[PDB]
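One chain follows as structure tokens, the form deposited in one PDB entry.
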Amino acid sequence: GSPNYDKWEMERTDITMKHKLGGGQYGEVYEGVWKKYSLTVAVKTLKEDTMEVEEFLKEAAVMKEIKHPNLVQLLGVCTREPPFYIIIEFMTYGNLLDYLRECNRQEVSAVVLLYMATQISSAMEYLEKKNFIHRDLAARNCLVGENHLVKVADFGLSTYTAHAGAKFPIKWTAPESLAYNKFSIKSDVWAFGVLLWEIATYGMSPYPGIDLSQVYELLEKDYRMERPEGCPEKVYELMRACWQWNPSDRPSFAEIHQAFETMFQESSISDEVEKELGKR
């Protein structure tokens, strides 16, 4: 309502800055508090004098355009001068990889594994529809909140090893992306498949006992990860479709989401009945 108003910009002093999250594993991401409203937030920062200004500013632009229940939601930025902030709502249970590695499987049961996958493929259908490419989909890049709410994120984490002049997470990376640097919503589909396998194993590292140097060549001979113990057949079938060698042969996220939503609804019906028996 005044000449230098920007609806996304906040004042840094609105925000109480506290500890770095995850002991550094998320980069420059800090727990903060938006004082006026209490709200605990997460704050990504870039200090002055860096060669990352353009990339950070590009990140802010993108988030201003992303609005979905299962994608991280921008609350505000500080980008009028250094240090830059990007502020989003705090997700209390941390990243999905660790959550799966530390959980109680009585709570995180098979209906919850289906819930997680449905939420993630819904965030990816949205990106698919808006013609975005995530480019680093993985359980380390999903966040968990109350009642197994899952939101997709991207910390810019690049485990990652040297490849084609940069750092790639080989075991999540689609073949055309490794071979030709070709990234698309279809390579995200390949990665979602590895994420499904991460969920199914409660967070095991992919391609167990296989050294990264052998992954591409095995994939090119049509080797794929085997079905995890206890992974339902239909879910494995979806994994193998995400891992079609030709990107065009892989399902869309719309299709994947509809599949998971159906299975989640069926599973949830069984879950509520067992619980209703428990109560009583």
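Note that residue numbering begins at 1 and tracks the sequence as displayed.
Absent from the display: the form deposited with a small molecule bound. The rest refers to it.
**Q** Would you classify residue 110 as touching the small molecule in the deposited complex, given a 4.5 Å non-hydrogen atom cut-off?
**A** Residue 110: yes, in contact with the small molecule in the deposited complex.
**Q** Should residue 247 be classed as touching the small molecule in the deposited complex when contacts are defined as heavy atoms within 4.5 Å?
**A** Taking the distances in the deposited complex, the answer for residue 247 is no, it never comes within 4.5 Å of the small molecule.
**Q** Mark residue 49 yes when one of its heavy atoms lies within 4.5 Å of a heavy atom of the small molecule in the deposited complex, and no otherwise.
**A** Answer no; every heavy atom of residue 49 is more than 4.5 Å from the small molecule in the deposited complex.
**Q** Classify residue 207 as contacting or not contacting the small molecule in the deposited complex by the rule of any non-hydrogen atom within 4.5 angstroms, answering yes or no.
**A** Looking in the deposited complex, residue contacts with the small molecule do not include residue 207, since no heavy atom lies within 4.5 Å.
**Q** Is it true that 114, 202 and 260 each have at least one non-hydrogen atom within 4.5 Å of the small molecule in the deposited complex?
**A** Heavy-atom distance to the small molecule in the deposited complex: all three under 4.5 Å.
**Q** Just one of 231, 33, 241, 219 has a heavy atom within 4.5 Å of the small molecule in the deposited complex. Which one?
**A** Checking each option against the small molecule in the deposited complex, the one that comes within 4.5 Å is 231.
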